Amino acid sequence: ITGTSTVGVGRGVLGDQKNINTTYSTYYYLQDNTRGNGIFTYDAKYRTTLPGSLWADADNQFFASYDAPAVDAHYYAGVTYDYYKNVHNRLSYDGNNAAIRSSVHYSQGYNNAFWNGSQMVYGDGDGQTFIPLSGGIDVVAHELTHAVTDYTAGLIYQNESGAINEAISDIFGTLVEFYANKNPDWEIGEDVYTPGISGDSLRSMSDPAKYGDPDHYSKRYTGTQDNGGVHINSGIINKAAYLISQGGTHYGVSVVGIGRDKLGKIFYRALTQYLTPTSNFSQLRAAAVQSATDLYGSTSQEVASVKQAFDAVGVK
Ligand SMILES: CC(C)C[C@H](NC(=O)[C@@H](NP(=O)(O)CNC(=O)OCc1ccccc1)C(C)C)C(=O)O
Ligand SMILES: [Ca+2]
Ligand SMILES: [Ca+2]
Ligand SMILES: [Ca+2]
Ligand SMILES: [Ca+2]
Ligand SMILES: [Zn+2]
């Protein structure tokens, strides 16, 4: 919409107050003009036609319970934008500041979120398994990251390349959570998953087995569910990623941690310069080794740790 940039205030899904960038033109719209070619948040109004209506508000105050999911979708999209620009020098998901669009209140009781090829989509959850999913910064960065992947490596969404696609979104969803540095962890979706149960999450990168996901290649799922287990087999790469950053001894294999920042640089480089739509785990190991080599030299600790990590999850 054409208008003048403003700043609204409201409350997100977890009750936190935050400033949001809006645009004023009779109404205040959830349109942030301060980043790239804008960040736009839409109301799907509990239906499934997308994107729905650009979020319109009469007074630039977003404290209603109905406003909360939009507030967090809009704000965490901005945090994710900032991560890619400030940390990887990437402008929006396409690298050329494409407009970023999100819809909230999608469908009824919808226990998921996704990238539909053109925009992010967030259900409200059924209130038991989930609360509105945009309340999770890792979830928002996971989704936006699916866009980054689609514009870059293009990892096909099935079997091993699909588990890599998924791990990539969990890794950067996690790196963004640490970047915002509000209660960060190596867990996925803990802020919005099962309001009645403390301490659980969708997935764990540090111990995928905790929620039934493999942490070794010999435990990979090869059935047909979940597109060949893309949300299951991602645990093998997630673990490898957690190990590279934090170190550890896994099935007797010891890994010297190198830190999140180097983990993000190596995986960012693998994602945009070496992965292809059909890469498999073994090809991801080589991409990561070549990326660490590029950034830190073939004799660095970094390359050595990347090797240790893939050994540890049984990926050759
Ligand atoms: C929601 C969770 C219980 C499990 C899981 N979803 C997730 O882990 C994450 N959602 P996601 O983005 O991976 C769902 N992706 C997804 O459904 O992709 C299918 C698709 C949709 C539109 C166009 C092309 C392809 C998010 C919730 C962190 C799943 O879809 O299995
Ligand atoms: Ca209002
Ligand atoms: Ca957290
Ligand atoms: Ca998390
Ligand atoms: Ca919970
Ligand atoms: Zn995903």
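The protein chain goes by Thermolysin in the PDB entry, where it is assigned to Bacillus thermoproteolyticus. The header of this PDB entry states its title as "Thermolysin inhibition". Word for word, the UniProt comment on the protein chain under Function is "Extracellular zinc metalloprotease." In the Subcellular location part of its UniProt record, the protein chain is described as follows: "Secreted".

(A) Fine view of the packing of helix 5 (residues 234-246) against helix 6 (residues 260-274). Contact geometry of helix 5 with helix 6 gives a least axis separation of 7 Å together with a crossing angle of 130°. Our classification of the angle between helix 5 and helix 6 gives oblique. Crossing handedness for the pair helix 5 and helix 6: right-handed. Where helix 5 abuts helix 6, its residues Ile-237, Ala-241, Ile-244, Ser-245 and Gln-246 lie against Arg-260, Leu-263 and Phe-267. Of the residues that constitute the contact of helix 5 with helix 6, the class distribution is 5 nonpolar, 2 polar and 1 charged.

(B) Layout of the coordination of the calcium ion (ligand 4). Surrounding the calcium ion (ligand 4) are the protein donor atoms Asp-138 (OD), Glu-177 (OE), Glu-177 (OE), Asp-185 (OD), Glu-187 (O), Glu-190 (OE) and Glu-190 (OE), at 2.3 to 2.7 Å. The sequence pattern formed by the donor residues of the calcium ion (ligand 4) is D-x38-E-x7-D-x1-E-x2-E. Residue class for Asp-185 comes out buried when judged on its relative accessible area of 19%.

(C) View of helix 6. Along its 15 residues, helix 6 runs 20 Å from first to last C-alpha, staying within 8% of the 21 Å computed at 1.5 Å per residue. Buried residues of helix 6: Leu-263, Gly-264, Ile-266, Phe-267, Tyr-268, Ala-270 and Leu-271, and no others. Buried residues along helix 6 sit against helix 1 (68-88), helix 2 (137-151), helix 3 (159-180), helix 5, helix 7 (281-296) and helix 8 (301-312).

(D) Up close: the coordination of the calcium ion (ligand 5). Those protein atoms acting as donors to the calcium ion (ligand 5) are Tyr-193 (O), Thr-194 (O), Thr-194 (OG1), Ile-197 (O) and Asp-200 (OD), and they sit at 2.3 to 2.4 Å. Each donor residue of the calcium ion (ligand 5) belongs to the same chain, with the gaps between them written as Y-T-x2-I-x2-D. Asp-200 sits in the buried class, given a relative accessible area of 16%.

(E) Spatial organisation of the pairing of strand 1 (residues 4-11). In this sheet, strand 2 (residues 17-25) lies alongside strand 1 in antiparallel orientation, the contact comprising 8 bridges. Considered in strand 2, the bridge of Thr-6 is made with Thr-22. The antiparallel hairpin formed by strand 1 and strand 2 contains 5 residues in its connecting segment, where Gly-15 sits at a positive phi of about 90°. Relative to strand 8 (residues 61-62), strand 1 runs parallel, the two sharing 2 bridges. Within strand 8, the position partnered with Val-9 by the bridge is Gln-61.

Definitions and cut-offs
- Residues numbered from 1 in each chain as written, not as in the entry; some residues may be left out.
- Chains lettered and ligands numbered in written order.
- Heavy atoms only, no water.
- Residues with missing side-chain atoms left out of burial classes, pairs and counts.
- UniProt positions renumbered as here; feature names shortened; annotations may be inferred.
- Axes fitted to C-alpha atoms, helices over the stretch in contact; angles between N-to-C directions.
- Helix = DSSP H or I, 4+ residues; strand = E, 2+ residues; numbered from the N terminus.
- Parallel < 35°, antiparallel > 145°, perpendicular 65-115°, else oblique.
- Left-handed = near helix turned anticlockwise from the far one by under 90°.
- Contact = heavy atoms within 4.5 Å.
- Nonpolar A, V, L, I, M, F, W, Y, C, P; charged D, E, K, R; others polar.
- Donors = N, O, S within 2.8 Å, 3.2 Å for Na, K, Ca; no water.
- Buried < 20%, exposed > 50% of the residue type's maximum accessible area, 1.4 Å probe, protein only.
- Expected span 1.5 Å × (residues − 1).
- Pairing = 2+ DSSP bridges.

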